[PDB]
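Counting starts at 1 for both ligands and their atoms, in listed order. Within every chain, numbering begins at 1; the chains are lettered A, B, ... in the order of the sequence lines, protein sequences first and strands thereafter. Only this structure's heavy atoms are used, side chains among them; waters, hydrogens and symmetry mates stay out.
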There are 2 protein chains.
Amino acid sequence: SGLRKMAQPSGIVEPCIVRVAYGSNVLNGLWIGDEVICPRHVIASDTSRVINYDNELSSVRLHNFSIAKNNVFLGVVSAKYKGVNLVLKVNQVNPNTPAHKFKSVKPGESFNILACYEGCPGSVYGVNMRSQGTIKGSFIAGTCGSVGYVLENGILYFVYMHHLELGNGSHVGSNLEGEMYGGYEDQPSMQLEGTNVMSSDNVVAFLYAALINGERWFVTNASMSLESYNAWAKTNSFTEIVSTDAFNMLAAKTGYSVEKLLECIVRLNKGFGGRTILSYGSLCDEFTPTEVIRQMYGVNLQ
Amino acid sequence: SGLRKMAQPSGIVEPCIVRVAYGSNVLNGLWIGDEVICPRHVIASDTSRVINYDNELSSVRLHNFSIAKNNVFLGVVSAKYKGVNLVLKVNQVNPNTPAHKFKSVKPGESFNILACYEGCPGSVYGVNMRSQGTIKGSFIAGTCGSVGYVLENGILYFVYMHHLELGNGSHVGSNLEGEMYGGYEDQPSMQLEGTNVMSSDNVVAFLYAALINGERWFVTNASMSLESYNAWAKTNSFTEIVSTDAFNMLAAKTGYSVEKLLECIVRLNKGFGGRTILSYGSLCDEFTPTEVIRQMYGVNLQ
Ligand SMILES: *C(=N)[C@H](C[C@@H]1CCNC1=O)NC(=O)[C@@H]1C[C@@H](C(F)(F)F)CN1C(=O)[C@@H](NC(=O)OC)C(C)(C)C
Ligand SMILES: *C(=N)[C@H](C[C@@H]1CCNC1=O)NC(=O)[C@@H]1C[C@@H](C(F)(F)F)CN1C(=O)[C@@H](NC(=O)OC)C(C)(C)C
């Protein structure tokens, strides 16, 4: 029993983290093959005013880079922008490059953050991509370049590189192609996050987890069609459910239909009445159906 | 900005996990050197009735063990009890044995759980040892033998191996010397957990983190001495603060004294009144002062 936000093991990613320093800036880079990827703003001369990245790459001095992993320093051969990321060809192939692919995470999907501090892997935790392309993590100075990843059907996927934090505390990053999530820009300009839309798929899985544990106070006999629930969701800042097929095992083992839980959401969306579901005071959308299944009946851990 | 329960990177521990099966029981073992450690109840024939471990070790058939790591199967040479743990001498040294030590965590101290499912490392997350020697994690069938660890001053410490779950959902394990935390017995008896005592040191760190992030609704002009709070905490299931010299840094740069936060605890212990601190609905004692400092000003990462 028990539900906890988790991260997939990080051992495969740790050997790819390097310290990247340029001028007075220090952050992290991803060393895979003969290439080091890091946020391009590390070569910006002043991150307090608008940045002319064209005029930063053209004045860059390759010898002024300092890339290191445990007293092993790499020389930069060439530098180019891949989106908002610098792609640095280095003079040494990473001997510990794992088999890997690249992909982007979508709203509601969970992935792992390897929080790195000035080149030192420090912690690992699970996160969830929000509707506006942001995550609510724990990033501070020197953690840019921290990598996000997911393991699926035994394949490492690099899906996130940290770039900045918005004024409201939300954390913005990019994919490994340099496309910033949510369309945000790596500039010190005032940028706003829209209304957050809660993942209905994850809230259903969250309620399934409570039932599996033994918490049943919020359930009744009432049900609601995915069509009636989707109509409400479009006006209550909730996503629309595309299928119940992802909840087949949960429904089979609990004996509760997705529609019965769709009704619990609209009813519980008005207030838990001082009550609690798995120690949470309101609806939680941080656990995906896969995350719940992995913890309750350790199946398909990747 | 941001506070999230995190785990230290697990790459150093992952290569020590093996699948241990005996008869119909399947769980995890820690393969370090020429020895594999796992909960001794893996040789129990019936885990629904009292177990005579003396008569189980005497009837044990070493060849009935199945220990494997990928395509590497290990042969058991000898077996002995170290407390509640089975110590199995094997015919092969783990080539990836890391430098390590063993120690026990104390109440209020945090550590990392590498959740393994029948020999497959599946996830990693942080936990906090409670006063009664239990943790509130997420363990299910087949996760016994999952190991807890901490990285301190560049030293890997093995500090936990999971054994069982109590009727109230609390999770029980032992250190690697075989001493069950909290004094529980590795028997299917209906054992009881006493009143949980909140770690005052960790709740203070939690409030410091909230202030650093930007929350202040809970702040008043009042403060409370450490003698007055300690007297209040002997009767409200909170630990006694022995010294404020663990928060000098947090108090110095937040501009709030421990005494102010001690008053916030006594008042907030009666309910947040619908409000939330860092998204929590009640006082949280799961973050140690060190954990907070690590996330707010990345220092002492190990
Ligand atoms: C990378 N190490 C930091 C991470 C940042 C520090 C505090 N909280 C965090 O997560 N990233 C940055 O410093 C970027 C780099 C600059 C720019 F994005 F290229 F312009 C500015 N950065 C910011 O994060 C700023 N945020 C912002 O620009 O909002 C538009 C702040 C938060 C002011 C550092
Ligand atoms: C190991 N894989 C499991 C983990 C267990 C499964 C469900 N929740 C968990 O954490 N551990 C066990 O099955 C032990 C082994 C037996 C014994 F401890 F040796 F007696 C029984 N176990 C239990 O966990 C039981 N709990 C218990 O004994 O209370 C003291 C339950 C969960 C009732 C099987």
Item checked: Listed partners of B/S189 passing side-chain hydrogen bond (donor to acceptor under 3.5 Å, both in side chains), at least two apart -> B/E185, B/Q191
Notebook entry, point to check: In the protein, what heavy atom is nearest to atom 4 (C) of ligand 2, and what distance, to one decimal place, separates them?
Noted result: B/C144 SG, 3.3 Å
Notebook entry, point to check: Can you check whether a protein heavy atom sits less than 4.0 angstrom from atom 13 (O) of ligand 2?
Noted result: no
Checklist line | B/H162 and ligand 2 - part of the residue with a heavy-atom distance under 4.0 Å | finding: side chain
Next item on the list: Could you establish whether A/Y117 and ligand 1 come within less than 4.0 Å of each other, counting only heavy atoms on the residue side?
Entry: no
Next item on the list: Specify whether B/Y22 and B/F65 have parallel, tilted or perpendicular ring planes, treating 30° as the upper limit for parallel and 60° as the lower limit for perpendicular.
Entry: tilted
Next item on the list: For B/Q191, counting its heavy atoms only, list the atoms of ligand 2 lying under 4.0 Å from any of them.
Entry: 30 (C)
Check: Which atoms from ligand 1 have a heavy atom of A/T143 less than 4.0 Å away?
Finding: 2 (N)
Item checked: Sub-4.0 Å atoms of ligand 2 with respect to non-hydrogen atoms of B/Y53 -> 19 (F)
Next item on the list: Would you mind listing which atoms of ligand 1 come within a distance below 4.0 Å of any non-hydrogen atom of A/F139?
Entry: 8 (N), 9 (C), 10 (O)
Checklist line | Side chain, backbone, both or neither: the part of B/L164 lying under 4.0 Å from ligand 2 by heavy atom | finding: both
Checklist line | Which residue and heavy atom of the protein sit nearest atom 21 (C) of ligand 2, plus the separation | finding: B/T47 O, 4.3 Å
Margin query: Applying a heavy-atom cut-off of 4.0 Å, say which part of A/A44 lies close to ligand 1: side chain, backbone, both or neither.
Written below: neither
Check: Do you see a donor-acceptor pair shorter than 3.5 Å between the side chains of B/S174 and B/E179?
Finding: no
Item checked: Side chain, backbone, both or neither: B/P188 near ligand 2, heavy atoms under 4.0 Å -> both
Next item on the list: Using a strict cut-off of less than 4.0 Å between a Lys/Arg side-chain nitrogen and an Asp/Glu carboxylate oxygen, indicate whether A/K5 and A/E291 qualify as a salt bridge.
Entry: yes
Item checked: Parallel, tilted or perpendicular, as decided by the 30° and 60° cut-offs, for the rings of B/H171 and B/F139 -> perpendicular
Next item on the list: Using a cut-off of 6.0 Å, state whether more than 12 heavy atoms not belonging to A/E177 lie near its atom CD.
Entry: yes
Checklist line | Check: B/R130 and B/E193 side chains under 4.5 Å, non-hydrogen atoms | finding: yes
Notebook entry, point to check: Just which atoms of ligand 2 are under 4.0 Å from any heavy atom in B/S189?
Noted result: 29 (O), 30 (C)
Checklist line | Test item: B/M129 and B/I135 side chains (from C-beta on) under 4.5 Å apart, heavy atoms | finding: yes
Check: Has ligand 2 got any nitrogen or oxygen that is less than 3.5 angstrom from a nitrogen or oxygen of B/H163?
Finding: yes
Note to self: One residue to check: B/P39. Relative to ligand 2, which of side chain, backbone, both or neither has a non-hydrogen atom less than 4.0 Å away?
What the structure shows: neither
Margin query: Among residues at least two apart in sequence or on other chains, which ones pass side-chain contact (heavy atoms from CB on, under 4.5 Å) with A/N112?
Written below: A/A7, A/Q8, A/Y149
Margin query: Considering B/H41, B/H171, B/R49, B/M180 one by one, which has a heavy atom nearer to atom 19 (F) of ligand 2 than any of the others?
Written below: B/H41
Notebook entry, point to check: For ligand 2, which atoms sit closer than 4.0 Å to a heavy atom of B/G142?
Noted result: 2 (N)
Next item on the list: Measure the CG-OG distance between B/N196 and B/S131 for me, rounded to the nearest 0.5 Å.
Entry: 4.5 Å
Note to self: So B/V26 and B/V20, do their side chains get closer than 4.5 Å, heavy atoms only?
What the structure shows: no
Check: Can a non-hydrogen atom of B/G167 be found less than 4.0 Å from any atom of ligand 2?
Finding: no
Next item on the list: Specify side chain, backbone, both or neither for B/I140, according to which of its non-hydrogen atoms lie closer than 4.0 Å to ligand 2.
Entry: backbone
Note to self: Using heavy atoms and a 4.0 Å limit, tell me yes or no: is A/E185 in contact with ligand 1?
What the structure shows: no
Next item on the list: Examine A/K253 relative to A/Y208 and say whether NZ or CZ is less than 6.0 Å from the centre of the six-membered ring and inside a 45° cone about the ring axis.
Entry: no
Check: Polar-atom distance check: B/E165 versus ligand 2, any N or O pair below 3.5 Å?
Finding: yes
Margin query: Quick check on contacts: which atoms of ligand 2 are under 4.0 angstrom from a heavy atom of B/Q187?
Written below: 20 (F), 28 (O), 30 (C)
Item checked: Residue B/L166 vicinity, atoms of ligand 2 by number, heavy atom under 4.0 Å -> 30 (C)
Next item on the list: Determine whether more than 12 heavy atoms belonging to other residues, nucleotides or ligands lie under 6.0 Å from atom CZ of A/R216.
Entry: yes
Notebook entry, point to check: Between B/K136 and B/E286, is there a side-chain N and carboxylate O pair less than 4.0 Å apart?
Noted result: no
Margin query: Yes or no, since that's all I need: does a protein heavy atom fall within a distance strictly under 4.0 Å of atom 34 (C) of ligand 2?
Written below: no
